[PDB]
Amino acid sequence: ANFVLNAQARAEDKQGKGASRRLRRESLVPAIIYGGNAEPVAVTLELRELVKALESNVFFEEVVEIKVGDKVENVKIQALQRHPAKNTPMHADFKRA
Amino acid sequence: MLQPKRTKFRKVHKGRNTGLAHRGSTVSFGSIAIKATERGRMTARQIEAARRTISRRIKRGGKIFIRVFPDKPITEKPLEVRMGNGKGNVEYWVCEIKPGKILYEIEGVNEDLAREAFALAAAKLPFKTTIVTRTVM
Amino acid sequence: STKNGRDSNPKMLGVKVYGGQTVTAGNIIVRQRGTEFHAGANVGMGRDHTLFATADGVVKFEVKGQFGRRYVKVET
Amino acid sequence: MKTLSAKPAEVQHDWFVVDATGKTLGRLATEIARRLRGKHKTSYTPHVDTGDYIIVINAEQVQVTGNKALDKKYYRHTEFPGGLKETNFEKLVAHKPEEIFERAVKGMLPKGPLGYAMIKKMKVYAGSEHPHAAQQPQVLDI
Amino acid sequence: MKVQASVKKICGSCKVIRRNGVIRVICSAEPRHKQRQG
Amino acid sequence: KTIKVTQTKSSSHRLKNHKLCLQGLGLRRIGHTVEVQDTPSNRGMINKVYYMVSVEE
RNA sequence: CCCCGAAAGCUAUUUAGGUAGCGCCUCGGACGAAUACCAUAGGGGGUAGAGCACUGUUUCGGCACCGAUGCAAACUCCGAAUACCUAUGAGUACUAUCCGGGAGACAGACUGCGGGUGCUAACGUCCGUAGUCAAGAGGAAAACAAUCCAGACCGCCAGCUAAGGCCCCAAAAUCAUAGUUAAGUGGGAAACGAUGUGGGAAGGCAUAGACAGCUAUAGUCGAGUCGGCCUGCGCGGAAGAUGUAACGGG
Ligand SMILES: [Zn+2]
């Protein structure tokens with residue numbers, strides 16, 4: 001409840017190198033949700049929201065709610081990719097919990 | 001004057017410096033660090049000068065980790081010699097720098113003093129740099 | 001002056017016939033310095049580790065055995 | 001020969017008068033050069049002078065934008081060694097306003113005998129009076 | 001007047017100003033702090 | 001079943017296989033239009049020289 | 001007068017600006033689908049990248065090993081895209097191959113990409129690969145073999161376009177809509193320096209009154225104020241010899 005991330009679905013036409021670069025130029029961040037008893041789900045997040053969430057340490061230990069459309073996934077942040085030079089977040093891995 | 005104790009070969013090809021620094025771009029020893037944002041070459045004299053400046057500023061109150069080591073030899077022709085007649089003699093040693101490469105980390109000093117020391121050190125380097133701090137991930 | 005400047009003539013090693021091709025008995029399949037490939041069914045081995053066909057058929061490459069060796073064979 | 005050339009004996013040179021007060025120098029000079037060359041007539045011929053006569057009044061009131069009044073330089077060279085002379089727009093417009101228009105229109109006219117003949121049809125005067133009332137020029141707003 | 005490429009404040013009585021497109025530093029306390037970028 | 005291919009740029013300085021693809025489609029000059037069968041084999045040649053042809057389906 | 005049309009490479013040479021065989025050109029004869037492009041299907045690899053499992057090399061800890069951390073043309077536990085070989089197939093194309101007559105050529109150049117050498121110098125030098133020139137005119141780039149567009153059988157006072165352009169020299173918009181710049185930036189240049197001006201995100205304090213100034217924290221004063229981050233376009237750093245001369249000119 002403390003951390004809520006608003007996301008849109010990332011369809012197959014929004015996957016790959018070119019689509020991801022277009023998204024990051026549009027100031028979005030691709031992310032993947034995986035974990036027990038279900039199939040992986042690809043979503044896109046807001047860079048502003050992600051940076052705001054990462055500024056706080058309790059984000060890395062609490063359970064956060066990712067909402068895409070009506071469905072809601074309760075996940076924990078699992079991995080994060082950053083740009084080597086600019087330190088900007090580039091991709092995120094979330095684990096169902 | 002950092003330099004390998006032994007090398008398998010004396011002279012190496014020029015090569016091409018391309019790509020980003022995916023390895024060695026995270027803070028792993030200290031709490032605060034300085035990392036390059038532009039590619040280039042770092043010589044042993046430059047490394048020593050930056051280390052001396054940082055150590056003098058921080059008055060040896062903490063630990064300095066140097067994460068760059070110059071292991072690539074660079075040759076030069078004697079002077080007033082024509083082209084050909086073999087490769088030149090080894091003159092100095094460099095480390096290849098890619099954007100994202102962390103150069104120095106500092107442990108056990110206040111952040112303001114560390115930033116002052118890093119600002120003093122950056123003026124001795126041939127490329128642009130930035131300051132980073134340890135994060136969870 | 002330099003103390004370097006020598007090299008040997010090329011030896012033209014390598015795979016001569018690839019998988020799926022048809023061969024006639026005696027056709028050389030692989031030229032190799034060591035046994036990078038080993039001889040399977042209907043394939044013979046020369047004194048310099050050359051692999052050659054001993055029957056007419058179709059070349060096939062595979063990996064088999066407890067050591068993970070690369071084999072070439074001829075299917076009739 | 002179904003495309004005909006204009007004949008010089010049948011060319012009619014009409015007279016016009018133009019006020020330079022508040023005009024931008026280059027944007028007035030382009031129109032002056034166009035009408036001096038005759039590009040505005042359907043009988044235009046590249047080797048024939050078909051243009052009109054243009055009288056310019058209030059020549060010292062012409063304007064430039066930016067800092068060009070102080071920065072735009074006018075050079076000339078006497079052919080003696082080191083004989084490069086230099087002035088600027090502010091001094092030249094106060095002293096010899098006709099030279100400014102002469103340079104501006106000369107630079108936009110063709111560089112040959114026909115161009116020299118073309119530029120003779122421009123009369124530039126500093127004040128608000130001109131001596132060509134006998135030619136009855138019409139007011140042209142450009 | 002020091003004419004240099006890098007002009008900075010030296011003390012609290014120094015002021016950075018722009019005159020006719022030139023960056024200058026003027027000090028109310030010490031005249032030796034006067035600087036012009038150039 | 002069939003599509004129309006028009007050549008829009010010169011082929012004089014293109015790669016050898018690209019010129020051969022144009023010739024195998026049957027195009028001969030700038031502005032030439034041909035009508036060919038819609039098969040994967042023909043579409044391969046079309047897609048290889050996509051940058052100097054225009055296709056009408 | 002008509003048709004086709006190279007090469008400046010490999011190998012050897014008392015050979016290196018010569019020559020010979022092969023590669024590349026042309027002509028005659030034989031033979032036709034055996035050829036190529038592309039699509040499917042089969043196949044081997046050790047490069048780009050990456051990694052530390054071997055060989056070397058590197059930093060910091062712990063007790064030669066152990067844990068964190070880098071590097072490699074002559075390192076590899078891994079490993080593409082392309083390229084290369086083979087088979088089948090549609091469409092398109094005078095394609096492949098064999099036998100003979102005649103040659104020329106064996107000084108190359110620039111540009112892009114992958115490299116060695118050099119100083120990540122040279123219109124430098126040596127390879128691989130592709131284009132152009134050589135042996136190729138026309139239009140663009142002020143003028144400019146090798147860049148861009150494009151391949152000139154002859155004639156026309158007809159039309160559409162490519163690169164590139166549309167104020168005048170000089171053909172075509174002083175066209176339309178929305179913003180930015182004030183430096184003639186545009187129309188040469190770095191580390192670095194700075195309340196230049198747009199845009200964006202976040203933070204601190206504030207009408208129980210914030211900042212500056214003023215009166216010896218109290219006090220008049222009556223709205224915003226303060227300091228950083230990302231980003232667009234600008235400023236300084238910026239000295240040479242015949243004459244403005246670093247938009248072709250206006
Ligand atoms: Zn001062």
Side-chain angles (χ1 to χ4, degrees), chain A residues 48 51-52 55, chain B residues 2 4-9 12-17 19 22-24 28-29 63 65-69 71-72 76-77 83-84 87-88 95-96 123 126 128, chain C residues 14-22 30 37 59-61 70, chain D residues 1-3 26-27 29-31 33-34 37 39 66-68 71-77 79 81-84 86 103-111 115, chain E residues 4-8 16-18 21-23 37-38, chain F residues 8-10 12-17 19-26 30-31 34 36-37 39-48:
Chain A
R48 43 176 331 114
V51 171
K52 204 39 199 283
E55 268 155 20
Chain B
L2 296 178
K5 280 178 246 305
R6 297 152 20 63
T7 63
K8 173 165 48 173
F9 292 107
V12 315
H13 284 166
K14 187 190 327 283
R16 296 301 186 279
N17 182 345
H22 299 277
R23 293 301 281 287
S28 43
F29 300 82
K63 253 179 81 81
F65 308 84
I66 314 177
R67 301 193 63 191
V68 286
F69 189 91
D71 57 336
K72 166 184 195 80
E76 252 148 28
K77 297 216 105 167
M83 302 283 97
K87 205 177 166 69
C95 178
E96 292 298 38
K128 289 182 146 83
Chain C
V15 168
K16 301 310 178 175
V17 181
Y18 296 84
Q21 300 191 225
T22 278
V30 180
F37 296 92
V59 170
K60 173 111 170 63
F61 286 84
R70 294 179 279 177
Chain D
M1 311 337 267
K2 273 195 66 263
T3 305
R27 293 175 185 277
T30 54
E31 184 62 20
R34 173 178 176 262
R37 178 170 210 199
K39 290 296 263 314
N67 293 310
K68 278 185 266 192
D71 292 344
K72 172 175 195 56
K73 300 312 216 314
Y74 294 90
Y75 297 101
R76 83 180 173 280
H77 204 280
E79 277 140 296
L84 179 78
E86 187 218 287
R103 280 174 172 252
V105 172
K106 174 164 122 262
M108 296 174 218
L109 287 176
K111 282 89 190 162
Chain E
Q4 32 190 42
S6 172
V7 285
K8 309 166 136 143
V16 178
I17 64 182
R18 315 185 21 112
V22 174
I23 292 158
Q37 193 172 54
Chain F
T8 62
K9 296 172 161 144
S10 175
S12 54
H13 325 306
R14 313 296 174 178
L15 292 176
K16 176 214 226 324
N17 279 358
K19 315 168 84 117
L20 294 179
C21 287
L22 282 183
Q23 167 189 334
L25 288 172
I30 295 167
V34 291
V36 299
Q37 303 198 42
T39 70
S41 324
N42 278 340
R43 283 243 190 231
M45 291 184 285
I46 295 174
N47 298 330
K48 215 161 215 72

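So you know, we letter chains A, B, ... as the sequences are listed, proteins then strands, and number each from 1.
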In G:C77, glycosidic geometry as syn within 90° of 0 or anti otherwise: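 Syn.
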
Mind telling me if G:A152 is syn or anti? Syn here is a glycosidic angle within 90° of 0.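 Anti for G:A152; the angle lies over 90° from 0.
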
Among all residues two or more places apart in sequence or in another chain, which pass the salt bridge (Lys or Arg N to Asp or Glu O under 4.0 Å) test with [X]?
X	answer
D:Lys106	D:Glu102
B:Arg67	B:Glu105
D:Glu31	D:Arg34, D:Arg35

Counting any heavy atom closer than 4.0 Å, what does [X] reach on the DNA or RNA strands: base, sugar-phosphate only, or nothing?
X	answer
F:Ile46	nothing
C:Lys16	nothing
D:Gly66	nothing
F:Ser10	sugar-phosphate
A:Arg48	sugar-phosphate
B:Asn17	base

With rounding to the closest Å, how many angstrom separate the [atom1] atoms on [N] and [M]?
N	M	atom1	value
G:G213	G:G203	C1'	28 Å
G:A109	G:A134	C1'	8 Å
G:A8	G:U26	P	16 Å
G:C85	G:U129	P	15 Å
G:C27	G:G5	P	9 Å
G:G209	G:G219	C1'	14 Å
G:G51	G:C63	P	31 Å
G:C247	G:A162	P	32 Å

Can you tell me if [N] puckers north or south, using the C1'-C2'-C3'-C4' torsion sign?
N	result
G:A246	south
G:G45	south
G:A107	south
G:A223	south
G:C133	north

Considering Watson-Crick and G-U wobble pairs with both distances under 3.5 Å, what does [N] pair with?
N	result
G:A178	none
G:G227	none
G:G164	none
G:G188	none
G:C38	G:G89
G:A146	none
G:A109	G:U132
G:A50	G:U76

Counting heavy atoms from C-beta on, name the nucleotide in G:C169, G:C37, G:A122 closest to the side chain of D:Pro110.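 Selected nucleotide (nearest to the side chain): G:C169.
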
Among the candidates G:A171, G:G116, G:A74, find the nucleotide nearest to the side-chain atoms of D:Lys39.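 The answer is G:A171, which lies nearest to the side chain.
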
Between G:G179 and G:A178, is the stacking condition met, i.e. ring centres under 5.5 Å and planes under 30 degrees?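 Both cut-offs are satisfied, so the bases of these neighbours are stacked.
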
If a protein heavy atom is under 4.0 Å from the base, mark B; if only from the sugar-phosphate, S; if neither, -; do that for [range] going 5' to 3'.
range	answer
nucleotides 39-57 of chain G	S--BBBS-----SS--BSS
nucleotides 240-250 of chain G	---BB----BB
nucleotides 191-198 of chain G	SSBB-S--

Can you see a Watson-Crick or G-U wobble pair between [N] and [M], using both distances under 3.5 Å as the test?
N	M	value
G:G196	G:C233	yes
G:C60	G:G67	yes
G:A210	G:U244	no
G:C54	G:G9	no
G:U57	G:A103	no
G:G56	G:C71	yes

Before giving the answer on side-chain contact (heavy atoms from CB on, under 4.5 Å), spell out for E:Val7 and E:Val16 the whole-Å C-alpha distance, their side-chain angles and the decisive distance to 0.1 Å. CA-CA 9 Å; E:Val7 285; E:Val16 178; over 6 Å; no

Got a sec, which residues hit side-chain hydrogen bond (donor to acceptor under 3.5 Å, both in side chains) with [X], two or more places apart in sequence or on another chain?
X	value
F:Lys48	none
F:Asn47	none
E:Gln4	E:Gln35
B:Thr7	none

Does B:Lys14 get its side chain close enough to the base of G:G116, under 3.5 Å, for a donor-acceptor pair?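 Counting by modelled atom types and ignoring angles, no donor-acceptor contact under 3.5 Å is found here.
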
Show, in sequence, the C-alpha distance, side-chain angles and deciding distance for F:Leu20 and F:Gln23, and conclude whether the side-chain contact (heavy atoms from CB on, under 4.5 Å) test is met. CA-CA 5 Å; F:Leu20 294 179; F:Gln23 167 189 334; 4.0 Å; yes

Got D:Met108 and D:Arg37 here, is their nearest side-chain heavy-atom distance under 4.5 Å?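 The answer is no; the side chains never approach within 4.5 Å.
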
Ignoring backbone atoms, test whether [X] places a side-chain nitrogen or oxygen under 4.0 Å from the OP1 or OP2 oxygen of [N].
X	N	result
A:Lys52	G:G203	yes
F:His13	G:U132	yes
F:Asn17	G:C38	yes

Counting only N and O atoms by type, is there a donor-acceptor contact under 3.5 Å from the side chain of E:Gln37 to the main-chain atoms of E:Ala5?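 Here the side-chain-to-backbone pair exists.
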
In this structure, are over 12 heavy atoms from other groups packed under 6.0 Å from D:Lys111 atom NZ?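 Atom NZ in D:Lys111 is packed in, count exceeds 12.
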
In this structure, how many angstroms lie between the P atom of G:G112 and the CZ atom of F:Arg14, rounded?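 The answer, rounded to whole Å, is 19 Å.
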
Under the ring pair (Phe, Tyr, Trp, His ring centres under 6.0 Å) test, which residues partner B:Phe69, sequence neighbours left out?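 Ring pair (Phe, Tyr, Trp, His ring centres under 6.0 Å) check on B:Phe69 returns nothing, list empty.
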
Pick out the pairs of N or O atoms, protein on one side and nucleotides 61-68 of chain G on the other, that lie under 3.5 Å.
from, atom 1, to, atom 2, distance (Å)
G:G61, OP1, B:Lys63, NZ, 3.3

